[PDB]
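Participant: kindly return the folded structure for what I paste below:
(chains A, B, C, D, E and F)
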There are 6 protein chains.
Amino acid sequence: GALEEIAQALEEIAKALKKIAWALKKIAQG
Amino acid sequence: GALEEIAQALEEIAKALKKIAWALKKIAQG
Amino acid sequence: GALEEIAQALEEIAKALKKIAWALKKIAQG
Amino acid sequence: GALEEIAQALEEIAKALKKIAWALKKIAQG
Amino acid sequence: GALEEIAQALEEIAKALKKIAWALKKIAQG
Amino acid sequence: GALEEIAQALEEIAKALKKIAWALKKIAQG
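Facilitator: Residues are numbered from 1 along each chain as shown, chains lettered A, B, ... in the order given. Shown next is the protein structure:
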């Protein structure tokens, strides 16, 4: 579906952003 | 410090994007 | 419903981001 | 200016999330 | 129309994340 | 260092989010 493809892409963006956020936390703490 | 705050904000933003994706899926399912 | 529940969560994230924004302004100012 | 720039960006994201929440309620209400 | 408002809000979030990326680069290269 | 990598990744996330928003706008338009 059209909106399902948009949502899938958004979910991948969000998972990538969560990883970046964790990496930045660890750099910050260190 | 500031970078740890920024990391938390990126995590909040990722959470919002994931929820927006689920909202789009529910809209499609309607 | 499902979309209204997401809307509430997004409003809470928005408040969290505004709190972090003020924390960053405080760090910059001080 | 870096931290203040990020704070301003987070505030704009917060506004955008409130806009999305409002749109979701409008969709939900039909 | 509400879905278009959601898309416009996502565009604003993307611009704001670009500004956050730019600010973090400035901190990194400082 | 790491923060430069994080900023570049965030810029890539923002570019992708812009494309997602544009696709959603076109869906919303018909």
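
Participant: give me every residue that touches the spatially closest residue to residue A:2 that is not a sequence neighbour.
Facilitator: Leaving aside its chain neighbours, residue A:2 sits nearest to residue F:27 (5.2 Å; criterion: C-beta to C-beta, 6 or more residues apart in numbering or on different chains). Heads up, the C-betas are built off the backbone N, CA and C, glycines and all. Neighbour list for residue F:27: A:2, A:3, A:6, E:3 [criterion: C-beta atoms under 8 Å, 6 or more residues apart in numbering or on different chains].

Participant: residues near the first one, how many?
Facilitator: Look at residue A:2: counted by other C-beta atoms under 10 Å in any protein chain shown, it has 12 neighbours.

Participant: please apply the same query to the last one.
Facilitator: Other residues lying near residue E:3 total 19 when counted by other C-beta under 10 Å.

Participant: how far is the helix or strand containing residue A:18 from where the chain is centred?
Facilitator: In this structure, residue A:18 is located in helix A:2-29 according to DSSP states H and E. Relative to the centre of its chain, helix A:2-29 is centred 0 Å away, using C-alpha atoms, centre = their mean, to the nearest Å.

Participant: angle of that helix against helix B:2-29?
Facilitator: Here the directions of helix A:2-29 and helix B:2-29 differ by 170 degrees (axes from the mean of the first three to the mean of the last three C-alpha atoms, to 10 degrees).

Participant: flag every buried residue along helix A:2-29.
Facilitator: Of the residues in helix A:2-29, A:3, A:6-7, A:9-11, A:13-14, A:16-18, A:20-21, A:23-25, A:27-28 count as buried by neighbour count, 16 or more other C-beta atoms under 10 Å in any protein chain shown.

Participant: my guess is residue A:11 meets residue B:20, correct?
Facilitator: No - counting by C-beta atoms under 8 Å, no contact exists between residue A:11 and residue B:20, whose distance comes to 9.6 Å.

Participant: which residue, other than its chain neighbours, is closest to residue A:28?
Facilitator: Leaving aside its sequence neighbours, residue A:28 sits nearest to residue B:3 (C-beta to C-beta, 6+ apart; 3.5 Å).

Participant: so what's that neighbour up against?
Facilitator: Residues near residue B:3 by C-beta under 8 Å, 6+ apart: A:24, A:27, A:28, E:27, F:3.

Participant: do that again at 10 Å, thanks
Facilitator: A:24, A:25, A:27, A:28, A:29, C:24, D:3, D:6, E:24, E:27, F:3, F:6 (C-beta atoms under 10 Å, 6 or more residues apart in numbering or on different chains).
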